[PDB]
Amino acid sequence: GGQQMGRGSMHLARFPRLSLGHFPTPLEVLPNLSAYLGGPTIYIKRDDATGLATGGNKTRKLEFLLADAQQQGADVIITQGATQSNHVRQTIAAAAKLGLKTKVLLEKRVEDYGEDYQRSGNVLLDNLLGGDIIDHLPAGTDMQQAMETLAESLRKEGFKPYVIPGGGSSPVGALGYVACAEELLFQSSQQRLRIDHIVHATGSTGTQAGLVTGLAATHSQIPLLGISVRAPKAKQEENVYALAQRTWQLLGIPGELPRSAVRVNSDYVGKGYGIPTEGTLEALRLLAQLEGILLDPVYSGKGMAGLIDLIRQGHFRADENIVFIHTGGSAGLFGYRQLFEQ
C-alpha cells in the first residue's frame, strides 16, 4: 500500500539524460525454461536489447554518464576495462554518436583462450568503432589511477576529458538502474505481474546499486539478489551498499538505504573473473537451446547458472515469479570460441 512509484523518477528528473538506447526493454516470460526446471515461472528483462552496438546493461549507465560529460563540456572520453569488456565497447559506440573520441586502457585480467580472446569479440568491435586503445596493462594494475594520470596528461595538452570508471559504476552511472527499477515497476504493474524476486549478475556494482536504490526509494517489497561474477559475498555486498548509499545521496533522498536490501551470492564465481564453470556453460546451452537466447560466459551466464542452481535446490515455489535481468554480453561469446570448441 505504501508503494511510491514515481518517487525515484521525480528525483531523477533534475538530472541530465541522453537518449542512447531503446527503452523500455521488453519483459517477457521464458516458458520452455520454466517447464524444464519445474519450479517458479521465470521472466526475463531484456537489457541485452538496448540497441547500442549489440546492447547491454552498460547502455543505461551511459545515458546519465555522457549527459553529465556533455554538461561539463568534455571533448574526449576516457574509460577502462578488461580485455573483453562490454562497457568499453558500449562507451566507444555511445561516444561516437555524440561526436567524441574515446581513449581506452585495457587490463589483461585474463590471458587464457588464445588469439580469439585477444583479438575477436569485443576487441574487434572496439577497433571497428574507432576506439583508441592507449595501453594494455598487467592484471592487478590500479586502473582508476592510470586513467587519472592519462586525464591529467590530456588536460595539459588542451583536452577537457571526462573519466568514466570501470563498468561505468559511479553514482551518476548507477542512476541508469534507478531508472530501470521504475521501468520494471511500471511494466509489471501494466502486465499485472507480481514480481517475487529479481536476480542478475553483479560485477562493478552499478547495476545492483541502482536497482536497490530505485526499489527502496519507491518502497517496493521486491527482494533483489546479485550473483557475483568475481568478488566474494561479503566484499561484493559492502561495495554495492557503499555505491548505493552514494547514489542515494546524489538523488537527495533523506535518511539511509536499508542494509538488508543488499544481498549477494558468490557461489557461482568459479575460479575467477572471466573463467566460466561447467555450470556457466550449461546455462548458456540451456538458454540458447530452450529459448533461443544468447547469454555470455563472463557475466549473464554466471547469473543464470546461479538462478538455475537456486531453483534446483528448491529455493522457490512453483507459484512464485522470478525476473532475471539479462544484462547482455553476447559479443564476448566470440572471444571465447577456443573454449566452446574445447
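Numbers follow the displayed sequence, beginning with 1.
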Taking the deposited Cα B-factors and averaging over 86 to 94 and over 242 to 250, the higher mean is found in 242 to 250
Between 158 to 166 and 268 to 276, point out the one with the higher average CA B-factor as the PDB entry records it.
-> 158 to 166
If you compare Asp126, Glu183, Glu237, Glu152, which has the highest Cα B-factor in the entry?
-> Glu152
What's the residue among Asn32, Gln70, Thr41, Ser300 with the greatest CA temperature factor in the PDB record?
-> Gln70
In terms of the CA temperature factor given in the entry, to which third of its chain does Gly210 belong: lowest, middle or highest?
-> lowest
The third of the chain into which the C-alpha temperature factor of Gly51 falls is the highest
Which third of the chain does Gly130 land in by C-alpha B-factor: lowest, middle or highest?
-> middle
Looking at the C-alpha B-factor of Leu137, is it in the lowest, middle or highest third of its chain?
-> highest
Can you work out whether the C-alpha temperature factor of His200 puts it in the lowest, middle or highest third of the chain?
-> middle
